[PDB]
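Shown below, as structure tokens, is a lone chain in the form deposited in one PDB entry; questions about how it binds or moves come after it.
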């Protein structure tokens, strides 16, 4: 059994520590490693708690064990009595959430890139589900689908807010293999429409109520134009993905087998052209 240890990073090695965002998991800051000469990202919560330490160490172990092409690569851990945090590669293009909803900044997000993003999300989650034992994300949202330098996906913040990606059966306490695909069906809808799921709804409870009654984000000509490539296929994927009955939702394998023919239609140059258009 070949083993690899996660490097320990001394806090004094991280320079230019600039704030980026504060979330439930912690505060994300950009920095540069003094020795390695690369930009990094740091996640930290001053005294915290005795149990709060057990969380940060658990996320680091998860990222380190779930290493893959579509999972945020972890570079090291800051484990000092003075400062606690995880260090990962720096994602310069933010979250899928920002790309989809910052419409003045991004008026055109070409179809091939949207499909590649959807393909990559499914590849990362599929990889998790294929580990031994299977790792379940359970918190998939557009906010934690990160975008690297070339707009390739890196999945973060996982296994271990917003309930729009939570399946109806999760509302009541439960004693859960079909969660992730529900979240993925919503993300797919969001990616293809660039609309916020349930725009007309003020209170999150009204969403939760509607979802328990089998209602989903709206599928019509307004939300999903008829000119969307592979529209029919994508609609089937979405509708099966978010089906009320968990048993009627596909595995990520089935989902990938469905996506593969779609992705083969796009030339490699079209992904590059979609990216250059965003700059």
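Shifts are known only where both forms have a C-alpha. Only the largest set of C-alpha atoms that superpose within 1.5 Å between the two forms is called the rigid core. Numbering follows the first chain given and starts at 1.
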Q. Relative to the other compared entries, is residue 52 without coordinates in a third or more of them?
A. yes
Q | Other compared entries missing residue 190, a third or more | A | no
Q | Unresolved deposited residues lying between neighbours residue 160 and residue 161 | A | 10 or more
(Q) Per the record, averaged over C-alpha atoms, which has the higher B-factor: 206 to 214 or 248 to 256? (A) 206 to 214
**Q.** Stretch exceeding the other in mean C-alpha B-factor - 22 to 30, 57 to 65
**A.** 22 to 30
Q: Have a look at 112, 94, 124, 173 and flag the one whose Cα has the highest B-factor in the entry.
A: 173
Q. Out of 201, 117, 74, 164, which shows the largest CA B-factor listed in the entry?
A. 201
(Q) Can you tell me whether residue 143 has a C-alpha B-factor in the lowest, middle or highest third compared with the other modelled residues of the same chain? (A) middle
Q: State the tercile, meaning the lowest, middle or highest third, of residue 47 with respect to the CA B-factors recorded for its chain.
A: highest
**Q.** Third of the chain, ranked by Cα B-factor, where residue 130 sits
**A.** lowest
Q: Pull the Cα B-factor of residue 191 out of the PDB entry and bin it into the chain's lowest, middle or highest third.
A: lowest
(Q) Based on the deposited C-alpha B factors for this chain, I'd like to know if residue 181 is in the lowest, middle or highest third. (A) lowest
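The protein also exists as the form deposited in another entry; that form is not presented, and the subsequent description refers to it.
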Q.
Could you check, with the core superposed, whether the Cα atom of residue 15 shifts 2 Å or more between the shown form and the other one?
A. no
Q) Does the distance between the two CA positions of residue 32 reach 2 Å or more between the shown form and the other one, the core being superposed? A) no
Q) Comparing between the shown form and the other one on the rigid core: C-alpha of residue 220 shifted by 2 Å or more? A) no
Q.
Between the shown chain and the other structure, the Cα gap of residue 25 to residue 69 differs by 3 Å or more. Is it closer or farther in the other entry?
A. farther
Q) in the other entry, do the Cα atoms of residue 142 and residue 22 sit closer or farther apart than here, given a shift of 3 Å or more? A) closer
Q. Which consecutive stretches of at least 3 residues differ between the shown form and the other one by 2 Å or more at every CA, rigid core held fixed, listed in sequence order?
A. 21 to 26, 46 to 55, 158 to 160
